[PDB]
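Have a look at data17.tsv; it's TSV, N, CA and C atoms and all ligand atoms:
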```
chain	number	residue	atom	x	y	z
P	1	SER	N	-22.88	-13.01	-22.33
P	1	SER	CA	-23.17	-12.16	-21.14
P	1	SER	C	-22.74	-12.90	-19.88
P	2	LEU	N	-21.53	-13.44	-19.89
P	2	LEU	CA	-21.01	-14.17	-18.74
P	2	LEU	C	-20.53	-13.20	-17.67
P	3	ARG	N	-20.79	-13.54	-16.42
P	3	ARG	CA	-20.40	-12.70	-15.30
P	3	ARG	C	-20.27	-13.53	-14.02
P	4	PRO	N	-21.36	-14.10	-13.56
P	4	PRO	CA	-21.36	-14.92	-12.32
P	4	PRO	C	-20.38	-16.09	-12.39
P	5	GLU	N	-20.20	-16.63	-13.59
P	5	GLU	CA	-19.29	-17.75	-13.78
P	5	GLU	C	-17.84	-17.29	-13.65
P	6	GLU	N	-17.56	-16.10	-14.17
P	6	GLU	CA	-16.21	-15.55	-14.11
P	6	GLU	C	-15.93	-14.98	-12.73
P	7	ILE	N	-16.93	-14.33	-12.14
P	7	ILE	CA	-16.78	-13.74	-10.82
P	7	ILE	C	-16.51	-14.82	-9.78
P	8	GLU	N	-17.24	-15.92	-9.87
P	8	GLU	CA	-17.08	-17.00	-8.91
P	8	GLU	C	-15.60	-17.37	-8.78
P	9	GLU	N	-14.88	-17.32	-9.89
P	9	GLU	CA	-13.46	-17.65	-9.88
P	9	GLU	C	-12.67	-16.61	-9.10
P	10	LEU	N	-13.07	-15.35	-9.23
P	10	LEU	CA	-12.40	-14.26	-8.53
P	10	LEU	C	-12.55	-14.42	-7.02
P	11	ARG	N	-13.73	-14.86	-6.60
P	11	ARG	CA	-13.99	-15.04	-5.18
P	11	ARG	C	-12.93	-15.93	-4.55
P	12	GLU	N	-12.60	-17.01	-5.24
P	12	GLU	CA	-11.59	-17.94	-4.74
P	12	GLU	C	-10.21	-17.27	-4.72
P	13	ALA	N	-9.92	-16.50	-5.76
P	13	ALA	CA	-8.64	-15.81	-5.86
P	13	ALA	C	-8.49	-14.79	-4.73
P	14	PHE	N	-9.53	-13.99	-4.52
P	14	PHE	CA	-9.49	-12.98	-3.48
P	14	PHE	C	-9.08	-13.59	-2.15
P	15	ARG	N	-9.71	-14.70	-1.79
P	15	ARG	CA	-9.39	-15.38	-0.54
P	15	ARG	C	-7.99	-15.97	-0.60
P	16	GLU	N	-7.62	-16.48	-1.77
P	16	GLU	CA	-6.30	-17.09	-1.94
P	16	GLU	C	-5.21	-16.08	-1.64
P	17	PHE	N	-5.40	-14.85	-2.11
P	17	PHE	CA	-4.42	-13.79	-1.88
P	17	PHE	C	-4.60	-13.20	-0.49
P	18	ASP	N	-5.76	-13.45	0.12
P	18	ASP	CA	-6.03	-12.92	1.45
P	18	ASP	C	-5.39	-13.80	2.52
P	19	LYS	N	-4.26	-13.35	3.05
P	19	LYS	CA	-3.55	-14.11	4.08
P	19	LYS	C	-4.10	-13.76	5.46
P	20	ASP	N	-4.48	-12.50	5.64
P	20	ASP	CA	-5.01	-12.05	6.92
P	20	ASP	C	-6.44	-12.55	7.12
P	21	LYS	N	-7.05	-13.01	6.03
P	21	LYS	CA	-8.41	-13.52	6.09
P	21	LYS	C	-9.30	-12.61	6.93
P	22	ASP	N	-9.04	-11.32	6.86
P	22	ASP	CA	-9.83	-10.35	7.61
P	22	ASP	C	-10.93	-9.77	6.73
P	23	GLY	N	-10.99	-10.23	5.48
P	23	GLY	CA	-12.00	-9.76	4.54
P	23	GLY	C	-11.59	-8.42	3.96
P	24	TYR	N	-10.31	-8.30	3.62
P	24	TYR	CA	-9.79	-7.06	3.05
P	24	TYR	C	-8.38	-7.25	2.51
P	25	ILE	N	-8.01	-6.42	1.54
P	25	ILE	CA	-6.68	-6.49	0.94
P	25	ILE	C	-6.24	-5.11	0.47
P	26	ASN	N	-5.02	-5.03	-0.06
P	26	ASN	CA	-4.48	-3.76	-0.55
P	26	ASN	C	-3.72	-3.98	-1.85
P	27	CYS	N	-3.10	-2.91	-2.35
P	27	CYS	CA	-2.35	-2.99	-3.59
P	27	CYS	C	-1.06	-3.79	-3.41
P	28	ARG	N	-1.08	-4.74	-2.48
P	28	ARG	CA	0.10	-5.57	-2.23
P	28	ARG	C	0.10	-6.77	-3.17
P	29	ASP	N	-0.82	-7.70	-2.94
P	29	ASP	CA	-0.93	-8.90	-3.77
P	29	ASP	C	-1.93	-8.69	-4.89
P	30	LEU	N	-2.60	-7.54	-4.87
P	30	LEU	CA	-3.60	-7.25	-5.89
P	30	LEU	C	-2.94	-7.28	-7.28
P	31	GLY	N	-1.83	-6.58	-7.42
P	31	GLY	CA	-1.13	-6.54	-8.69
P	31	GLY	C	-0.70	-7.94	-9.10
P	32	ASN	N	-0.29	-8.75	-8.13
P	32	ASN	CA	0.14	-10.11	-8.41
P	32	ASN	C	-1.02	-10.94	-8.94
P	33	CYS	N	-2.24	-10.45	-8.74
P	33	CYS	CA	-3.43	-11.15	-9.21
P	33	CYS	C	-3.70	-10.85	-10.68
P	34	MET	N	-3.45	-9.61	-11.09
P	34	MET	CA	-3.69	-9.19	-12.46
P	34	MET	C	-2.80	-9.97	-13.41
P	35	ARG	N	-1.58	-10.25	-12.97
P	35	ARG	CA	-0.64	-10.97	-13.80
P	35	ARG	C	-0.94	-12.47	-13.81
P	36	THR	N	-1.65	-12.93	-12.78
P	36	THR	CA	-1.99	-14.34	-12.67
P	36	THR	C	-2.83	-14.78	-13.86
P	37	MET	N	-3.82	-13.98	-14.21
P	37	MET	CA	-4.69	-14.29	-15.34
P	37	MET	C	-5.41	-13.04	-15.84
P	38	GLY	N	-5.20	-11.93	-15.15
P	38	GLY	CA	-5.84	-10.68	-15.53
P	38	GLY	C	-5.42	-10.27	-16.93
P	39	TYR	N	-4.73	-9.14	-17.02
P	39	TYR	CA	-4.27	-8.62	-18.31
P	39	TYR	C	-2.76	-8.43	-18.32
P	40	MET	N	-2.14	-8.62	-17.16
P	40	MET	CA	-0.70	-8.47	-17.05
P	40	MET	C	-0.28	-7.06	-17.43
P	41	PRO	N	-0.53	-6.11	-16.56
P	41	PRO	CA	-0.16	-4.68	-16.79
P	41	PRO	C	1.33	-4.50	-17.04
P	42	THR	N	1.68	-3.43	-17.73
P	42	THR	CA	3.08	-3.15	-18.03
P	42	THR	C	3.89	-3.01	-16.74
P	43	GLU	N	5.03	-2.34	-16.84
P	43	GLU	CA	5.89	-2.14	-15.68
P	43	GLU	C	5.37	-0.98	-14.84
P	44	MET	N	5.18	0.17	-15.49
P	44	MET	CA	4.69	1.35	-14.79
P	44	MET	C	3.18	1.28	-14.62
P	45	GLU	N	2.55	0.37	-15.36
P	45	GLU	CA	1.11	0.20	-15.26
P	45	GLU	C	0.76	-0.47	-13.94
P	46	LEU	N	1.50	-1.51	-13.60
P	46	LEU	CA	1.27	-2.23	-12.36
P	46	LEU	C	1.66	-1.36	-11.17
P	47	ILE	N	2.53	-0.38	-11.42
P	47	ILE	CA	2.98	0.51	-10.35
P	47	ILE	C	2.07	1.73	-10.26
P	48	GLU	N	2.05	2.52	-11.32
P	48	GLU	CA	1.22	3.71	-11.35
P	48	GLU	C	-0.20	3.37	-10.92
P	49	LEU	N	-0.68	2.21	-11.34
P	49	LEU	CA	-2.02	1.79	-10.98
P	49	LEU	C	-2.09	1.44	-9.50
P	50	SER	N	-1.26	0.49	-9.08
P	50	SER	CA	-1.24	0.07	-7.69
P	50	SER	C	-1.23	1.28	-6.78
P	51	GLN	N	-0.31	2.20	-7.03
P	51	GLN	CA	-0.21	3.40	-6.22
P	51	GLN	C	-1.50	4.20	-6.33
P	52	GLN	N	-1.88	4.53	-7.57
P	52	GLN	CA	-3.11	5.28	-7.82
P	52	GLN	C	-4.20	4.78	-6.87
P	53	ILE	N	-4.34	3.46	-6.80
P	53	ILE	CA	-5.32	2.86	-5.92
P	53	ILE	C	-4.95	3.13	-4.46
P	54	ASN	N	-3.67	2.99	-4.15
P	54	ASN	CA	-3.20	3.19	-2.79
P	54	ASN	C	-3.49	4.61	-2.32
P	55	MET	N	-3.26	5.58	-3.20
P	55	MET	CA	-3.50	6.98	-2.87
P	55	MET	C	-4.96	7.34	-3.08
P	56	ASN	N	-5.41	7.31	-4.33
P	56	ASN	CA	-6.78	7.65	-4.64
P	56	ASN	C	-7.75	6.95	-3.70
P	57	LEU	N	-7.88	5.64	-3.87
P	57	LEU	CA	-8.80	4.88	-3.04
P	57	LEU	C	-8.63	5.24	-1.56
P	58	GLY	N	-7.49	4.87	-1.00
P	58	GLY	CA	-7.23	5.16	0.41
P	58	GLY	C	-6.15	4.24	0.96
P	59	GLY	N	-5.99	3.07	0.34
P	59	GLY	CA	-4.98	2.10	0.78
P	59	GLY	C	-5.63	0.77	1.13
P	60	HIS	N	-6.74	0.46	0.48
P	60	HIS	CA	-7.45	-0.78	0.73
P	60	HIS	C	-8.38	-1.12	-0.42
P	61	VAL	N	-8.53	-2.41	-0.69
P	61	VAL	CA	-9.42	-2.87	-1.77
P	61	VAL	C	-10.32	-4.00	-1.26
P	62	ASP	N	-11.61	-3.90	-1.56
P	62	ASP	CA	-12.58	-4.91	-1.15
P	62	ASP	C	-12.90	-5.84	-2.30
P	63	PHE	N	-13.33	-7.05	-1.97
P	63	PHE	CA	-13.66	-8.03	-2.98
P	63	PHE	C	-14.52	-7.39	-4.06
P	64	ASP	N	-15.21	-6.31	-3.70
P	64	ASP	CA	-16.07	-5.63	-4.66
P	64	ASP	C	-15.22	-4.82	-5.63
P	65	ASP	N	-14.33	-4.01	-5.08
P	65	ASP	CA	-13.45	-3.20	-5.91
P	65	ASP	C	-12.53	-4.09	-6.73
P	66	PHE	N	-12.05	-5.16	-6.11
P	66	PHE	CA	-11.17	-6.09	-6.80
P	66	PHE	C	-11.88	-6.69	-8.01
P	67	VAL	N	-13.13	-7.10	-7.80
P	67	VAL	CA	-13.92	-7.67	-8.88
P	67	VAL	C	-14.26	-6.61	-9.92
P	68	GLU	N	-14.66	-5.44	-9.44
P	68	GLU	CA	-15.02	-4.35	-10.34
P	68	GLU	C	-13.83	-3.93	-11.18
P	69	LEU	N	-12.68	-3.81	-10.54
P	69	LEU	CA	-11.46	-3.43	-11.24
P	69	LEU	C	-11.06	-4.52	-12.22
P	70	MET	N	-11.21	-5.77	-11.80
P	70	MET	CA	-10.85	-6.90	-12.65
P	70	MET	C	-11.67	-6.88	-13.93
P	71	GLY	N	-12.96	-6.59	-13.79
P	71	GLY	CA	-13.84	-6.54	-14.95
P	71	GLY	C	-14.03	-7.92	-15.56
P	72	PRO	N	-14.91	-8.04	-16.52
P	72	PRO	CA	-15.19	-9.33	-17.21
P	72	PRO	C	-13.94	-9.91	-17.86
P	73	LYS	N	-13.33	-9.12	-18.75
P	73	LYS	CA	-12.13	-9.56	-19.45
P	73	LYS	C	-11.24	-8.37	-19.78
P	74	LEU	N	-11.75	-7.48	-20.63
P	74	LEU	CA	-10.99	-6.30	-21.02
P	74	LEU	C	-10.80	-5.37	-19.83
H	101	CA	CA	-8.50	-9.84	3.97
```
Serialized structure, structure tokens:
Amino acid sequence: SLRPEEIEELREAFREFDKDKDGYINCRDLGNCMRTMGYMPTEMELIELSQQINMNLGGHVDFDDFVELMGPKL
């Protein structure tokens, strides 16, 4: 039932990808994070998804959504 240990790592990543350090990000470097250690989405997966988030969501992702989307492992 690991979570806080795995999440703690995401916190560092979120900031690492956060260049504006404004406490927010988008489907820009987000996809680059999934391939870093996530699940490495396919070709259209990293696109269809990134966009889906860009459109559906609104065009922004918070450390919460990033963590939630990242999930534990699967
Ligand atoms: Ca930010």
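Atom pair CA of residue 5 (chain P) / CA of residue 47 (chain P) has a distance of 29.0 Å (rounded to one decimal).
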For this session: Would you please give, as JSON, numbers by chain, all residues of chain P that DSSP assigns to helix (DSSP H, G or I) based on the backbone?
Result: {"P": [4, 5, 6, 7, 8, 9, 10, 11, 12, 13, 14, 15, 16, 17, 30, 31, 32, 33, 34, 35, 36, 37, 43, 44, 45, 46, 47, 48, 49, 50, 51, 52, 53, 54, 55, 56, 57, 63, 64, 65, 66, 67, 68, 69, 70]}
Rows by chain and residue number, chain P within 7 Å of ligand CA 101 (chain H), shortest pair, only C-alpha atoms and all ligand atoms, as CSV:
```
residue,atom,partner,partner_atom,distance
P:18,CA,H:CA101,CA,4.7
P:19,CA,H:CA101,CA,6.5
P:20,CA,H:CA101,CA,5.1
P:21,CA,H:CA101,CA,4.2
P:22,CA,H:CA101,CA,3.9
P:23,CA,H:CA101,CA,3.5
P:24,CA,H:CA101,CA,3.2
P:25,CA,H:CA101,CA,4.9
```
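The space separating CA of residue 7 (chain P) from atom C of residue 64 (chain P) comes to 10.4 Å.
When atom C of residue 50 (chain P) is paired with atom C of residue 4 (chain P), their separation reads 26.5 Å.
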Pull out region 31-51 of chain P, keep C-alpha atoms, and write it as a compact mmCIF listing (two decimals), in the first residue's frame.
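Output file out_33.txt follows:
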```
# COMPACT_ATOMS: atom_id res chain seq x y z
CA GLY P 31 4.17 13.87 -21.51
CA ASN P 32 7.95 14.04 -21.20
CA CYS P 33 7.43 13.00 -17.58
CA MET P 34 5.45 9.84 -18.36
CA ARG P 35 8.29 8.57 -20.51
CA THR P 36 10.84 9.46 -17.84
CA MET P 37 9.63 6.66 -15.57
CA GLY P 38 5.86 6.59 -16.01
CA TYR P 39 4.55 4.00 -18.46
CA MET P 40 5.90 5.46 -21.69
CA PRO P 41 2.67 5.93 -23.70
CA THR P 42 2.57 4.94 -27.37
CA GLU P 43 2.84 7.49 -30.17
CA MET P 44 -0.81 8.48 -30.44
CA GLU P 45 -1.23 7.77 -26.74
CA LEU P 46 1.12 10.55 -25.70
CA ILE P 47 -0.63 12.79 -28.23
CA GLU P 48 -4.29 11.85 -28.00
CA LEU P 49 -3.85 11.96 -24.23
CA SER P 50 -1.89 15.19 -24.02
CA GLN P 51 -4.47 16.88 -26.21
```
